[PDB]
Structures are given as C-alpha cells and as structure tokens.
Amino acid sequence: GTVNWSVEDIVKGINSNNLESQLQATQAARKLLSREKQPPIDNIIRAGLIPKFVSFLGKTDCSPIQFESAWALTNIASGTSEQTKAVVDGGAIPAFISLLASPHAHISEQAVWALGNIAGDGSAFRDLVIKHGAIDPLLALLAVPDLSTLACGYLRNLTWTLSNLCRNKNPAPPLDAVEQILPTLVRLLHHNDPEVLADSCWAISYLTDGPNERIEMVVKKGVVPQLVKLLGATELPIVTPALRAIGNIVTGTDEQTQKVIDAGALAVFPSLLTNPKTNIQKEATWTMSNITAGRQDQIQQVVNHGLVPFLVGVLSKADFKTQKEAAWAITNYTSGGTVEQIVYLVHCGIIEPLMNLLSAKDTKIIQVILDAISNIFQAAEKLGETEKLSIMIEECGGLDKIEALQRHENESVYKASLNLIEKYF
C-alpha cells in the first residue's frame, strides 16, 4: 500500500487537497524514512515536505496523520545537525510540545521521542526546547503514583528524552531546568527497568560533569547511595554510566568525595579494577586517582579496603590508558599521603611496575611517574631509608631507565631525572 513510494509520489499526495491522500502519502514518507539502509532524508527535505509535516501535527481531527508526521519528523531529526535544524526551522518544537498533551499515548510518545532528538543535537537546541516550555508537560507525563503502570517503551522514551535535556556542557543546562528535572530523575533512578536505569544514570553523569556547584545539586538529592548500588549491577549498560557519575562526583570537594566513600563505593572496586571491559577498568582507575587526591583519611580508606594491591595490579598490567590513570593515582597518593601510607605503598610492590612504565613513549606519564618517585624519596628521607629505596630501584632496573631519561626531549623530564640521580644515585 504505502511501501516504497517515490519522493515524487509522496509530494503529489501531500499536495492534493485531500486529507486521506495526504495521510497515505505521509505514511509512505514515514516508511521511507524508517528504512535502515540510507533513508532519503535530504531528498524529503529538498522536496519541501517539512512545513507540511509540521502543519499535520496540528490536525487534532486526524490523529493518524499527526502520528505519521510525528514519526516522519522524528526520523528526519535523528539525522545530522543540518537535518535536525530543518525540522526546528519548520516550527516543529512548539508543535511537538503541544502534542505532549495528546489523548493518544502513541502520539504523545512520538512527540517525546522527537523532542529527544532535537534536544540531543546540542546545547542550543536543548536550551531552545526548554525555552518553548517542554519540561513541564514532559514531567507531567510521569506524575503518576507508580511508574510501573506506564507502558515500558513509553517510560524508556521519556527517560531518554529527559536525559538529553540534561546532556551537553557549553553551556550546561539552565540551573532552574536542572532543579526542575532532578526529583523526577531521582525517582527514575529507583525504577526497576534496566534501560530506564541506564538512561537515568546517564542523565546523572551529565549533571555531575562540571563545577562543584553542579555536583552539589545532585549530591544534595541523596542519590549517591543509589548510584553505588547501581555500580554493582550485573548489566554493563548500567554500571558504565553509574561509574561515570560516581567518578564525576569525586572530582568535587573532599566532602562530596566523602559521600561516595560513606555510601560504600570502595567495596565495589576490587571488581571494577579487574573488570573485563577495559573502559570500566579505565574509569575505575581514574576515579581511584581522584580519591587518592583527597584527604589522608580518604587515602586511608583506600588502604583499608585493600585497594592498593589492586592499583599495583593495574599499574602492572592493563590497557595503557588505564595504566596512565594508575600512574596518576599513585602520584596523587604519594603527594597527599602520610609517610606510613607511602611506606605501605612500597611494601605492596609499587616500585617495580612503576619503573617498568618509565620506558613508555608518553612524556606525560613519565613526568607523572618521576614525580611519584620524588615523593616516595621525600618520605624515605624522613625515615632515612633512602639507601634502601635507591637499591630497590637499582635491583629492578629503574636506575637505568632514569639514567636514560636525562637525555630526554622534554625539558622537565630531563630536569627531574637528572635531579633524582644527582641526589640519590
């Protein structure tokens, strides 16, 4: 019936003075735009069909053509920024927001979906969707006593669109919009659908990616314990954004960091720091590095949880990117730690894998490591066990690598390495 029409045929039908002919052509357009293999989005745009689709959104008397055009427009907006813009330029934003109040759930859902694509394009369209007043009717769709009564697909789409309203960073979403969305977000974070949980976590990770005032808005909502729980989920699509959120949070103040420690996050890290997915190991190690950048009592918690052997482990063997984060974690630790904490690090076997990494062709990690060596020697000086440390480094081949780094391209590398030898070797 409406399968595989030409764009010419679609135009002919949409241009007829006949609502049913228009409906059939619009459905034909939706099927064209729904195919996986290279939908002719630009041809549809160039035919001038977007204003027609947008006007069909307003035809309350013909709910089928509202749905078909919403779907068609959704899929145009799912494309490039230029394609999303064409949709916005056709006046689609206020028309979709009006459709959020549709009596027909499949139509309001499609409107939710379309707005998600538009907002997902970037900060500007996100903020434009917010200015046209989308947040109130979106949240109203979720104002039910029990989220479980909503259709599953419907709830997932709403959650996904809300997360796009939270997404992107220059600038971040308006503070008032974030304040408005957060309580619904907190509630979605306690829902039992894995996709809803994933997208809720993504939203939270977006909101916590910024200055500490942004982090505080989220932390004040009391979500950290729920995030830590989700950190232990079996589903990788949930663990990943939960961990990003937790990692974001510990980039904050010592007090914000202490919240994730208090919530029991550290007991999950034996698994996270040995996780089969390299991205999880990397994010977990980055998170650890920011925890070792905290107070001495926070470093002590890392110790108590037995995580220093796991850091030695990752420094010893991991994807290089993960190893670099471990290097940071160690340099941070040795920077803020007590002498006893630093001694403990050495007794856990940090020196050999630390030295092994000095042969990396990455000048940044070298500077990081040399700094760590320095810090450990400073602690060893306060103990007068500098001799013992120098030997340890020599016995595992460290002195060789440090000797070589004296003739290094980078200024501060050459400097730091010579300084070490001229003071300890």
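Sequential numbering from 1, following the sequence displayed.
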note = Higher of the two mean Cα B-factors (351 to 359, 223 to 231; per PDB record) comes from 351 to 359
inquiry  = On mean Cα temperature factor in this entry, is 335 to 343 or 237 to 245 the higher one?
reply    = 335 to 343
task = Just say lowest, middle or highest third for the CA B-factor of residue 103 relative to the other modelled residues in its chain.
result = highest
query = So where's residue 119 on the chain's Cα temperature factor ranking, which third?
reply = lowest
task = Check where residue 310 lands among this chain's C-alpha B-factors and tell me if it's the lowest, middle or highest third.
result = lowest
request  = Taking the values exactly as deposited, rank residue 205 by C-alpha B-factor within its chain and report the matching third: lowest, middle or highest.
outcome  = lowest
request  = Divide the modelled residues of the chain into thirds by Cα B-factor and specify which third, lowest, middle or highest, holds residue 290.
outcome  = middle
